[PDB]
Amino acid sequence: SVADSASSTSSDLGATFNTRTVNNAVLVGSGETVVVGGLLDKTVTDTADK
Amino acid sequence: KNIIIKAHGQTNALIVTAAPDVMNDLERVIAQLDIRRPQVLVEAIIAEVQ
């Protein structure tokens, strides 16, 4: 998709193009639920001054 | 003269119109060449602090 709340467009090409891209090969039985690809991630940051 | 192997691709089957006496040297090798293959699950993790 494209977000562009605010991004780097320098009056050139205005675009972010958020994307996730998978490709692979797998053997699978006929009627079966199959896990192909996965990602899970947290990200914390702190700022203090006194 | 020679062995002419042709492959179909539209039924995924192949032919052998070659020697009519030693084909057994082909049945054995294809039998050793058609085999289910196991697949492996890879996950990597990273983490840092700044």
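Chains as they are written, first to last, in the authors' numbering: chain B, 506 to 555; chain A, 304 to 353. Just so it is clear, CB atoms sit at the ideal spot from N, CA and C, and this is done for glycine as well.
Minimum Cα-Cα distance from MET326(A) among the listed residues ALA310(A), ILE306(A), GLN335(A) corresponds to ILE306(A). Per the coordinates, the alpha-carbon of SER510(B) lies some 12 angstroms from the alpha-carbon of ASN523(B). At least 8 angstroms separates the beta-carbon of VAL540(B) from that of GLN342(A).
Sorting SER515(B), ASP517(B), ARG525(B) by C-alpha distance to the C-alpha of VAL507(B) places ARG525(B) at the top. Nearest to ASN315(A) by C-alpha distance, out of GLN353(A), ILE348(A), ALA322(A), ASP337(A), is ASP337(A). Rounded to the nearest whole angstrom, the CA to CA distance from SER512(B) to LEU344(A) is 36 angstroms.
When secondary structure is reduced to three states using DSSP, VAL539(B) falls in the coil class, being assigned neither helix nor strand. Sequence-distant Cβ neighbours of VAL527(B) in its own chain, meaning closer than 8 angstroms and more than five residues away, are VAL541, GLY542. Beta-bridge annotation (DSSP): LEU317(A) is paired with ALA310(A).
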